[PDB]
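Worksheet: the structure to be examined is printed underneath.
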Amino acid sequence: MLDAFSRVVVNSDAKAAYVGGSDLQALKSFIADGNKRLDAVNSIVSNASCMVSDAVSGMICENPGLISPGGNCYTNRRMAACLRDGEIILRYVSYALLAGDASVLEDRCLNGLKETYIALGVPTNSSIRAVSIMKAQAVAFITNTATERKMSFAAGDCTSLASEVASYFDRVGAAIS
Amino acid sequence: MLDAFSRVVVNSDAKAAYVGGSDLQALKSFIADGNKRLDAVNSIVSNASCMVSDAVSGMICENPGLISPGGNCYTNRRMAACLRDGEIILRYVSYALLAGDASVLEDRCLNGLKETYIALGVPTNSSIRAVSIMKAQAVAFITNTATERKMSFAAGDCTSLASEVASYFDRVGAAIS
Amino acid sequence: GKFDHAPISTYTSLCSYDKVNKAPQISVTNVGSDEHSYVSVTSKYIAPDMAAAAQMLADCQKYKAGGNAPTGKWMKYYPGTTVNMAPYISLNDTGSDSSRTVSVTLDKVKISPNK
Ligand SMILES: *C(=C)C1=C(C)[C@@H](Cc2[nH]c(/C=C3N=C(/C=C4\NC(=O)[C@H](C)[C@H]4[C@@H](*)C)C(C)=C\3CCC(=O)O)c(CCC(=O)O)c2C)NC1=O
Ligand SMILES: *C(=C)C1=C(C)[C@@H](Cc2[nH]c(/C=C3N=C(/C=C4\NC(=O)[C@H](C)[C@H]4[C@@H](*)C)C(C)=C\3CCC(=O)O)c(CCC(=O)O)c2C)NC1=O
Ligand SMILES: *[C@@H](C)[C@H]1/C(=C/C2=NC(=C\c3[nH]c(C[C@H]4NC(=O)C(C=C)=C4C)c(C)c3CCC(=O)O)/C(CCC(=O)O)=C2C)NC(=O)[C@@H]1C
Ligand SMILES: *[C@@H](C)[C@H]1/C(=C/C2=NC(=C\c3[nH]c(C[C@H]4NC(=O)C(C=C)=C4C)c(C)c3CCC(=O)O)/C(CCC(=O)O)=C2C)NC(=O)[C@@H]1C
Ligand SMILES: *[C@@H](C)[C@H]1/C(=C/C2=NC(=C\c3[nH]c(C[C@H]4NC(=O)C(C=C)=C4C)c(C)c3CCC(=O)O)/C(CCC(=O)O)=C2C)NC(=O)[C@@H]1C
Ligand SMILES: *[C@H](C)[C@H]1/C(=C/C2=NC(=C\c3[nH]c(C[C@H]4NC(=O)C(C=C)=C4C)c(C)c3CCC(=O)O)/C(CCC(=O)O)=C2C)NC(=O)[C@@H]1C
């Protein structure tokens, strides 16, 4: 069934699909610690709005030139587009966790991101700062160590997935370096 | 009595349905979590007017080509038709929450809908944007996390119902893709 | 208030003409008395409101004249409509093991003006 999700992602147009309980068990047999993995993905997407805005503002917080006149987050329209880019990256990381394979992140998101930003003039060194913030954000939620929110989960250890998401974030920086 | 509700929604001879004080608690006895579920449908149906117009409007600003000449929501006549479609779809999924089953949603509404839009030329990409906004609106109201309005309820957890509404809206998207 | 509905043949897959556009109409009424509160359900015909739909186009003109997006020869990396598209995922933990569901759907990403 995971191929069907891949067929949804790759089809080059808006498309939807879902998992039923019968087919869900096929996924549960296929995945290693699927109980943890699905809870982990929920922990990101359930707070993705909080994560992205803080990281982009955190980038602005340490680098105030980005909001100075002519800056790439100056005037509303550039500011929204940066938030948009943060979301898309974070979403593509989330599916990479769900599939447990980094291919979709590279082939659909990271490919051409280097060439794209330079032609747009996006400062890539600061883009790394925002992504590296989300990696700090994402690890805390999966380990349920966030300061201002604690989640409800069945007891147990989620260390491996926390390391797994870490590699996916680090792929982003290397592509745009 | 809950059976009577299912009959009218498939257009049987009756004008309307009703449940009395004794019968309402009888219905609540049959449907587990009745009180919260009644609260949940009430929050959606009472805000359906705001939900659809905002969802339609969001769809347009995400792709203004719909209102350009040759666009499917250009003209006054077609724009009314599209607004109607969102109202119909929201009503059906709101009922599915009331019964807690997708059967009427799948059986009375979604079968044959894909072919009809193909015949009518309704662009499937724009529709998925419309449907996905209804989901985001609905989960917010059920969890009382709408940015602009707070409703009064007894405090508690409605996460299960909110994700249950999420399943229904996902079904509409898969059918129309 | 006359409206020119589409040909019957274009929706034969969906439903018969005498039942199309009828959708549930639900009213739920709270009162402190469990002996007096009630629920009501019916199917009604939802007609198109030209007056509201005229208003909708007037409001949406603002977006029509704010450009769309930049473009360049780098567009080859976004071959379909996938420019600014990302996968959306939904997860449903609930009180029944069969009712659990998951979703994944490719879709456009945009930030509402309130954020
Ligand atoms: C300037 C004033 C500046 C920023 C603005 C802001 C950016 C920033 N935030 C962190 C650490 C975290 N922020 C997180 C986000 C949230 N935590 C919550 O509970 C809510 C739901 C959510 C939305 C606000 C998270 C999860 C973290 C990680 C905490 C942890 O790992 O223990 C940082 C430091 C991390 C980094 O930069 O990589 C920064 C810079 N803080 C500022 O000072
Ligand atoms: C175009 C520029 C465009 C839109 C306009 C807008 C559409 C949009 N709205 C949301 C989120 C929500 N909108 C809601 C509607 C209302 N909230 C209320 O209190 C009243 C009753 C009602 C009518 C106005 C609600 C409840 C939500 C969810 C909670 C919230 O307040 O945000 C979205 C987000 C959907 C998504 O991310 O896909 C969108 C797109 N945004 C635009 O860009
Ligand atoms: C915050 C992270 C950055 C910031 C980002 C900006 N990106 C802008 C335009 C833009 N970004 C992309 C890539 C994006 N679309 C995709 O499909 C993919 C991968 C799936 C991603 C991640 C594109 C294609 C574009 C151009 C198309 C468009 O935006 O419609 C942008 C605005 C540029 C402009 O308005 O001219 C910004 C501000 N910029 C920064 O400085 C911080 C670090
Ligand atoms: C780190 C992310 C968390 C952690 C994760 C764990 N979840 C465990 C068990 C578990 N998970 C679910 C939900 C899951 N199963 C599904 O079918 C669905 C699909 C939508 C998902 C979201 C359930 C129902 C359970 C059972 C728990 C129970 O019986 O009470 C789990 C236990 C180990 C295991 O089952 O393999 C863990 C560690 N838990 C944490 O505390 C951290 C923060
Ligand atoms: C998620 C939906 C909400 C939430 C709602 C809750 N309401 C609870 C109790 C409750 N609700 C009603 C009204 C409801 N029952 C009826 O018979 C009628 C009539 C149609 C409806 C509209 C009642 C009467 C009650 C009982 C208490 C009272 O008299 O008001 C409730 C607790 C139920 C439980 O789990 O034991 C919840 C959670 N509350 C929230 O925080 C979210 C946002
Ligand atoms: C709005 C978000 C869309 C949009 C939708 C349009 N649909 C049009 C005609 C139409 N739609 C349906 C399906 C609808 N009727 C029902 O009874 C129920 C199911 C029970 C559904 C959900 C039908 C059957 C028809 C044809 C019947 C009729 O028009 O009387 C329509 C007008 C097409 C025309 O010009 O004739 C529109 C604009 N189009 C979009 O681009 C967005 C995404």
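Cβ from N, Cα, C; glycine included.
Feature annotations, courtesy of Swiss-Prot:
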type	residues	note
BINDING	A:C50, A:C61	phycourobilin binding site
MOD_RES	A:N72	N4-methylasparagine
BINDING	A:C82	(2R,3E)-phycoerythrobilin 1 binding site
BINDING	A:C158	(2R,3E)-phycoerythrobilin 2 binding site
Inset, instruction - Measure from each Cβ of the recorded positions A:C50, A:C61, A:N72, A:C82, A:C158 to the Cβ atoms of chain B, and list in sequence order the residues where some distance is under 8 Å, or 'none'. - result: none
Inset, instruction - Please report the number of other Cβ atoms within 10 Å of the Cβ of the residue listed as '(2R,3E)-phycoerythrobilin 1 binding site'. - result: 21
Inset, instruction - Please go through the recorded positions A:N72, A:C82, A:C158 one by one and keep those whose C-beta falls under 6 A from any atom of ligand 3; give the result in sequence order. - result: A:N72, A:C82
Inset, instruction - Check the recorded positions A:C50, A:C61, A:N72, A:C82, A:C158 for any whose Cβ is under 6 angstroms from an atom of ligand 4, and report them in sequence order. - result: A:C158
Inset, instruction - Could you tally the C-beta atoms, other than its own, that fall within 10 angstroms of the C-beta of A:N72 (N4-methylasparagine)? - result: 19
Legend entry - Entry from the binding-site residues list A:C50, A:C61, A:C158 having the most other CB atoms no farther than 10 A: A:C158
Legend entry - Filtered recorded positions, from A:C50, A:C61, A:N72, A:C82, A:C158, whose Cβ is under 6 Å from an atom of ligand 1: A:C50, A:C61
Inset, instruction - Return the member of A:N72, A:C82, A:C158 nearest to A:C50 (phycourobilin binding site) in space, with distance defined Cα to Cα and candidates limited to these recorded positions. - result: A:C82
Legend entry - Distance [Cα-Cα, Å, rounded] between the residue listed as 'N4-methylasparagine' and A:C82 ((2R,3E)-phycoerythrobilin 1 binding site): 9
Inset, instruction - Looking only at C-alpha atoms, tell me how far A:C158 ((2R,3E)-phycoerythrobilin 2 binding site) is from A:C82 ((2R,3E)-phycoerythrobilin 1 binding site), rounded to the nearest Å. - result: 31
